[PDB]
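We begin with a single chain expressed as structure tokens, specifically the form deposited in one PDB entry.
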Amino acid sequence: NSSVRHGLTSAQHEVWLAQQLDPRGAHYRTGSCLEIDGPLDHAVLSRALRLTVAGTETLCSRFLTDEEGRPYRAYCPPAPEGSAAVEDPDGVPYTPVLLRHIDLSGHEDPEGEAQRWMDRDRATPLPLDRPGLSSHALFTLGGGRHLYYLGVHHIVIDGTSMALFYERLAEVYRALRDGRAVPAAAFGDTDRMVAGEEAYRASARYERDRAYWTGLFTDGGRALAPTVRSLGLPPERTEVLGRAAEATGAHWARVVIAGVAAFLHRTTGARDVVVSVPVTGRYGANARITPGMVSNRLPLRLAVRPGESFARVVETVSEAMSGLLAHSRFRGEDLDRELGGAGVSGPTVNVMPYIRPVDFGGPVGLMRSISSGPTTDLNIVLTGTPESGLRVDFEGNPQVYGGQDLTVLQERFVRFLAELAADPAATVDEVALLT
């Protein structure tokens, strides 16, 4: 069962090939965290983690190569709770499971020290040959506030899977606390998901999707671990996005994307603005419950003229998205290759989907991004909602932006964005932009 060689997803193959260029590099170390408003029992949480991990195949996997140099995924079960985890020199290695406990209460700046710790951890390489490609840490920030850090290698966990992990973790936690039997892990099968992709790449649908994207683009550097600047915005400042959505009839995420497009137009003055958007990569019941890495990104060609309202820009986004979602299965990476050069670049706008407050039986955890992945330019990451407040993270390529560049660009973008949301009828050229 540990001998079975599992196939990688298209997204996993991409990460593998890009990782073989810089083995020691930590460019694919990603992660998120849960801000928890109440005290949690570390011992129980450490126990719930092992149970959660054991039920999550992708978190128990290592990556190796066969006799052809081709990569494959190997399943390495974790040791039982309380076990000494004794390994034989020629036996199957256990998947280590560790929930670090870091008590930062009573310190000068708990939050800042925790952030420095997380940035330090994601700078650490995570060899694929070793099982358990994740790093966990529970911070105590005093005042009953905790912060759970989830660090991973991109190849095992995507954005969607982070949420799945969190909800499962809490589910297990509540079980052990109530003394109830732990609910059966309702996770999917990666093999079937992989087969689903293979079947697709052989279908005539793949040809039409590729044709659509190629023909749409028939007229800079390496992807690196981004420097991250986060900005917390309270509901008092984010509700306006919700009202812009209500008024324009578009989902608030479309409003943010239009905001970015308008921002790029104002700063660069380019008629045709390109902005990439992530897509789930999960098609079918099985895929949508199978924790792993199948995330994907596709470019939006947005034509923007200054003499048009913000509402019109919003429509242009929804129209372009219509054509994009109709061909979502096609890999953005494959598109960049068939076109050569630096491919289709520009900022990536990732408005993460709603995640219900993770309930630990009283205490509640809110998810916010630490690093969504490497970029050649910029990643704009949002979490939360217009009603409950937002976390705006600017993730920039360190060769393009500096920490201070990101903070400035981020600030003037949020002010500009809120300025647009306030009056969607206003012309793009007239909206106040801090320079």
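All residue numbers refer to positions in the sequence shown, first residue = 1. Definition used throughout: the rigid core is the maximal C-alpha set that superposes within 1.5 Å between two forms.
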property: Residue 90 to residue 91: deposited residues without atomic coordinates; result: none
property: Stretch exceeding the other in mean C-alpha B-factor - 320 to 328, 161 to 169; result: 320 to 328
property: Per the entry, higher mean C-alpha B factor between 112 to 120 and 148 to 156; result: 112 to 120
property: Selection by C-alpha B-factor (highest) of 261, 245, 85, 182; result: 85
property: Highest recorded Cα temperature factor - choice among 254, 229, 337, 192; result: 337
property: Third assignment of residue 367 from its chain's C-alpha B-factors; result: middle
property: Chain-relative CA temperature factor third for residue 359; result: lowest
property: Third of the chain's Cα B-factor distribution that residue 52 belongs to, per the entry; result: lowest
property: Chain thirds of CA B-factor: placement of residue 106; result: highest
property: Residue 45 CA temperature factor, ranked by third within the chain; result: lowest
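The form deposited in another entry is left out here; the points below concern that form.
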property: Mobile residue between this form and the one not shown, C-alpha criterion 2 Å or more, rigid core, from 129, 338, 108, 88; result: 88
property: Shift in CA distance, residue 89 and residue 125, in the other form relative to the form shown here, given it is 3 Å or more; result: farther
property: Residue 90 and residue 23, C-alpha gap in the other form relative to this structure (3 Å or more); result: farther
